Amino acid sequence: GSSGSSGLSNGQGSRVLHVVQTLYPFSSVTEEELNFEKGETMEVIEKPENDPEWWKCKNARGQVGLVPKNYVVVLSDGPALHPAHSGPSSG
């Protein structure tokens, strides 16, 4: 079963607002909600007004949905836009 790819792309009015990480694993059944695991990196594409407790992000699967902010956390602001290194974290 050979696999292949053409190169489909979309055009939405949104960009990488802020990079957030998932502290706890949250998996939904519907498409509305996002699906990820513990220790997943995403990017805030849009934030809903009506539901401020929820944020719009895109997982690795390239799918967007409503993810609970109380579960994620903002690490940096912008895709390597501001001058800031990971940290003195021991290697």
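In its metadata, the entry names solution NMR as the structure determination method.

Undergrad: Please give an account of the sheet that holds strand β5 (residues 72-77) that cites residues and values.
TA: Two orientations exist for strands paired in a sheet by backbone hydrogen bonds: parallel and antiparallel. Strand order in this open sheet of five strands is β4-β3-β2-β1-β5, and the pairing throughout is antiparallel. On the outer flanks of this sheet lie β4 (64-68) and β5, each paired with one strand and no other. Across the sheet, the mean angle separating the axes of adjacent strands is 50 degrees when strand polarity is ignored. Where strand β2 (residues 41-46) meets strand β3 (residues 54-58), three bridges bridge the pair, whose relative direction is antiparallel. By the bridge assignment for β3, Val 44 is matched with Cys 57.

Undergrad: Before we move on, can you summarise the packing of aromatic side chains with the specific residues and values?
TA: Describing an aromatic ring pair means giving the distance of the ring centres and the angle of the ring planes. Summed over the entire model, instances satisfying the criterion amount to four aromatic pairs. Between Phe 26 and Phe 36, the aromatic rings sit 6.1 Å apart at their centres with planes inclined by 25 degrees, giving stacked as the arrangement. With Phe 26 in the loop between β1 (18-22) and β2 and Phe 36 in the loop between β1 and β2, the pair connects residues that are 10 residues apart, well separated along the chain. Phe 36 sits in the buried class, given a relative accessible area of 4%. Both rings, one in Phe 26 and one in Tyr 71, keep their centres 5.5 Å apart while their planes meet at 85 degrees; by these two values the pair is edge-to-face. Taken together, the residues span a long stretch of sequence, with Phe 26 in the loop between β1 and β2 and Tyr 71 in the loop between β4 and β5 at a distance of 45 residues. Relative accessible area serves as the criterion here: at 16%, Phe 26 is assigned to the buried category. Look at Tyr 71 and you get partly exposed, because its relative accessible area is 32%. Counting every residue linked through ring pairs, the aromatic cluster contains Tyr 24, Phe 26, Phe 36, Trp 54 and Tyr 71. Positioned above the aromatic ring of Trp 55 is the side chain of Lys 47, whose terminal nitrogen or guanidinium carbon lies 5.1 Å from the ring centre.

Undergrad: Describe the pattern of salt bridges, with residues and values.
TA: All chains considered together, the criterion is met by one salt bridge. Where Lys 56 meets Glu 46, a salt bridge forms, and the shortest distance between an N and an O atom there is 3.3 Å. Of this pair, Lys 56 sits in strand β3 while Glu 46 sits in strand β2, and the two are 10 residues apart along the sequence. Residue classification places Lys 56 among the partly exposed residues on the basis of a relative accessible area of 28%. By relative accessible area, which is 42% here, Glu 46 ends up partly exposed.

Undergrad: Account for unusual backbone geometry, naming residues and giving values.
TA: Here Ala 80, not a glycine, exhibits a phi torsion of approximately 50 degrees, which is positive. Relative to the assigned elements, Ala 80 resides in the segment after β5.

About the thresholds
Residues numbered from 1 in each chain as written, not as in the entry; some residues may be left out. Heavy atoms only, no water. Pairing = 2+ DSSP bridges. Helix = DSSP H or I, 4+ residues; strand = E, 2+ residues; numbered from the N terminus. Axes fitted to C-alpha atoms, helices over the stretch in contact; angles between N-to-C directions. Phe/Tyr/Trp six-rings, centres within 6.5 Å; stacked < 30°, edge-to-face > 60°. Buried < 20%, exposed > 50% of the residue type's maximum accessible area, 1.4 Å probe, protein only. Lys NZ or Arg CZ within 6 Å of the ring centre and 35° of its normal. Salt bridge = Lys/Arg side-chain N within 4 Å of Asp/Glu carboxyl O.

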